[PDB]
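Shown here is one chain on its own, the form deposited in one PDB entry, set out as structure tokens.
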């Protein structure tokens, strides 16, 4: 598995092992935990435990025990601890982890199971044995060096919304946004910027109060000429919408609710440099997809 957008809520760097920390939000379905680190050359085993509390006597129940072990075969042992008792063991062989090799673990929470990919490859599924709402602490123990842990909750779409584009911008790349305009909305914005050069390749600014759709670029510390021509303002306060920003070789093509609205000749020519998406304004953000 791979993430199209980097928009993590909490981030922790270099926690000391053993590390036991409180999960900053509820693991509702769709929630992501990203763990980046590497295993030392002398690693016998390490484990990532999703727990209900952090008591050690009685040992706190472990809803999800993810335990990579290094041996001739190499595997990941998964299990659950309830009232200090382990349940049915589930072993996944052909382990993706290696001594002296770095790794990225993406744990996805679903309604009935955790889905786990390591280094961009599906690794294993583990059905919930404990309700996920009962999980409130992340424990990490053993021989492993953790660089960072990050999270993505249901709240990942609050405004302002800022997200890095793990896929560099280029012809054929699509960015769709779905949401609902606030009942008393004035305006909102969707910008595609080249994070580095502090430039805005594309500024999509629907202004509802004056009922116009402004698009422009902010280049070299200066706003350019605004483009407002349009067959009809597609937005209404309180209206559901989907907007498709399609990057083409000659321009950006944007549609709303299944209808082409406008084209925008590229002003920033280094497309591959457009690596940042920002959404703000008077809307309720429902979904953002980089493709």
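Residue numbers count along the first chain shown, from 1.
Keep in mind that the form deposited with a partner chain bound is not shown, yet the notes after this line are about it.
Peer 1: Looking at 40 to 48, 226 to 234, 258 to 266, 58 to 66, which lies within 4.5 angstroms of its partner chain in the deposited bound form, counting heavy atoms?
Peer 2: Residues of 258 to 266 come within 4.5 Å of the partner.
Peer 1: Have a look at 113, 186, 211, 178 for me and say which one sits with a heavy atom within 4.5 Å of its partner chain in the deposited bound form.
Peer 2: Of the candidates 113, 186, 211, 178, 178 is the one lying within 4.5 Å of its partner chain in the deposited bound form.
Peer 1: Evaluate residue 246 for contact with its partner chain in the deposited bound form, applying a 4.5 angstroms cut-off between non-hydrogen atoms, and reply yes or no.
Peer 2: Heavy-atom contact with its partner chain at 4.5 Å: present for residue 246.
Peer 1: Considering only heavy atoms, tell me if residue 251 and its partner chain come within 4.5 Å of each other in the deposited bound form.
Peer 2: Residue-level check for residue 251: no, no contact with its partner chain.
Peer 1: Although its partner chain is absent from this view, report whether residue 242 comes within 4.5 Å of it in the deposited bound form, heavy atoms only.
Peer 2: Although its partner chain is absent here, residue 242 would touch it in the deposited bound form, with heavy atoms inside 4.5 Å.
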